[PDB]
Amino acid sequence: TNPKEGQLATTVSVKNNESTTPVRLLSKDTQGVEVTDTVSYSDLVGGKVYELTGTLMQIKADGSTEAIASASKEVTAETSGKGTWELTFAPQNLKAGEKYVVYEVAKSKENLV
């Protein structure tokens, strides 16, 4: 497999919130938030197992981040190398007037390079 092969597109969602790109929360709806991240993947080695790790980052005004939550899952790429994975973070207390972003990394269980 070409080391450069592979794409992850991610869409974050919050339970019982309909907003997207970005998700918007009222200050009252910040306690025990259930964040899902939908990972659309393409050009992964079909039928191979990946360690999918998502990271909920607090993004400060100066562009630096601090990780507040993380979730990892053994997943399998569809045989076509395209498909979808879902990831949900443990319940999180978020802060009013703050901005959060989700990172995603997929590493194959096997050495495919």
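Sequential numbering from 1, following the sequence displayed.
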item: Stretch exceeding the other in mean C-alpha B-factor - 58 to 66, 28 to 36; value: 58 to 66
item: Ranked against its chain, the third holding the CA B-factor of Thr76; value: middle
item: Position of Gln92 among the chain's modelled residues by C-alpha B-factor, lowest, middle or highest third; value: highest
item: CA B-factor placement of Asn16, once the chain's modelled residues are sorted into thirds; value: highest
